[PDB]
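Asks: Sending over a structure as structure tokens; questions will come in a sec.
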Amino acid sequence: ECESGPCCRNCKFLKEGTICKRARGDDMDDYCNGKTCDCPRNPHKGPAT
């Protein structure tokens, strides 16, 4: 969350799909879920950013 905007995992953005943390199993990356870019893509166990 370089600032708080999504699509910038760590201020650079990956490519829409950077799941926060694959809770369901582990964790992937961090994609812009349309809210932020700090692992906003971990709709697993109970993640989601």
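Chain identifiers are assigned as A, B, and so on, following the order in which chains appear in the structure tokens; residues are numbered from 1 within each chain, and ligands are numbered from 1 in order of appearance.
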Contacts of residue 35 in chain A at 12 Å or less, counting only C-alpha atoms, minus same-chain residues fewer than 2 places along, as number ranges by chain?
Replies: A: 1, 3-9, 30-33, 37-41, 48-49
Asks: Suppose you want the space between CA of residue 46 in chain A and CA of residue 11 in chain A; what is it in Å?
Replies: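 Pair CA of residue 46 in chain A / CA of residue 11 in chain A returns 24.4 Å.
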Asks: For the atom pair CA of residue 28 in chain A and CA of residue 2 in chain A, what is the interatomic distance in Å to one decimal place?
Replies: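 That distance, rounded to one decimal, is 18.2 Å.
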Asks: Within 10 Å of residue 26 in chain A, counting only C-alpha atoms, which residues qualify if same-chain residues fewer than 2 places away don't, as a list in words?
Replies: residues 20, 21, 22, 23, 24, 28, 42, 44 and 45 of chain A
